[PDB]
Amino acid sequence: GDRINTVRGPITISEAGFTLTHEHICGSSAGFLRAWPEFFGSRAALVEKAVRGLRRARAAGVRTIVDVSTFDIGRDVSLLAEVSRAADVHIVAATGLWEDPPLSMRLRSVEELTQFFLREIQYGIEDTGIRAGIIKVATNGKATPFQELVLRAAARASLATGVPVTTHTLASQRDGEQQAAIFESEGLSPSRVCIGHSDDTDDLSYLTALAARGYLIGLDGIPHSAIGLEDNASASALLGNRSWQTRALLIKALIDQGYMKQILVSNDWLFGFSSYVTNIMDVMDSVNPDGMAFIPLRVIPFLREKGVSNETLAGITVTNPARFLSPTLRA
């Protein structure tokens, strides 16, 4: 807890600056970018789009993103390093497993999984020597038996290293409650855990029950909305029909309840996206042309106009991410 691992090495806590805690360079599948780069036009075109996007984000004040792409999201840490160097934006990489693990992962024990997460945190990802600074896990409703092993192994890895855990939920099923019970049964401190996609729900009794016990709350999909996309079912099912304003007002709600130190904010944006319908990226880019700059350009001014102070917003976008990311057992 003097240093956070990024794809270009250790940085100090003050270097992190304004940090987006849930993003993706590319939302894909393991091996997919190497096997089928033309899906994205080309590898070089994906690089360029990401570099330009991160440069716009940097010009709006962003200094670091946490790329929460796992193995099964097709995380390519060389791609991340390349993009990070060209855009002059720090990128923290992730270990863990999301919702699409292949058989070679799904057949593993809790102990085996813990070894895998530990490898990626303590030694390096693949042969790159790049180390993950965060562990990403997932459920979508009631955990499957394998997802329970994942959550346990994430807890064990976090307990050995101090690196935080961040989660994918189906927020309407209140999955944070089950995630929390499993993490706690392994002895993990809630202050090392972000329950993500929590802006997908308006249930304050769920959000406050998590925050009351010490969890960080990931209000991480603020520009996800299909409002005013006429007759696009696939975009609707992915993005929802709640407005970005509704999502953003959750940030204010939690501040008003005393939880300003526990809120993490992000876009959950990407520059490529192969794990859904073809051309989702173009649909998403039309909905939110600011991409990752959407938080500083649109959300911050919206909240200031609703009465949230500049100091409070800086605490949420700079202090909370540094405190979350800094390795420790108890933050």
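Just count from 1 along the sequence shown to find any residue number.
> Higher mean Cα B-factor in the deposited model: 80-88 or 209-217?
Replying inline: Looking at the record's C-alpha B-factors, the answer is 80-88.
>> Which is higher on mean Cα B factor in this entry, 199-207 or 222-230?
In response: According to the PDB entry, the answer is 222-230.
> When the CA B-factors of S266, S286, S29, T64 are compared as recorded in the entry, which is the largest?
Replying inline: Highest C-alpha B-factor among the listed residues goes to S286.
> In terms of the CA temperature factor given in the entry, to which third of its chain does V47 belong: lowest, middle or highest?
Replying inline: Highest third - that is where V47 ends up once the chain's C-alpha B-factors are sorted.
> In terms of the CA temperature factor given in the entry, to which third of its chain does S274 belong: lowest, middle or highest?
Replying inline: Its C-alpha B-factor, which the entry lists for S274, ranks in the middle third among residues of this chain.
> Compared with the other modelled residues in the chain, in which third is the CA B-factor of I11?
Replying inline: Ranked within chain, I11 CA B lands in the highest tercile.
>> How does the C-alpha B factor of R106 compare with the rest of the chain: lowest, middle or highest third?
In response: Middle third by C-alpha B-factor.
>> Splitting the chain's C-alpha B-factors into thirds, which one does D175 fall into?
In response: Tercile = middle for this residue's CA B-factor.
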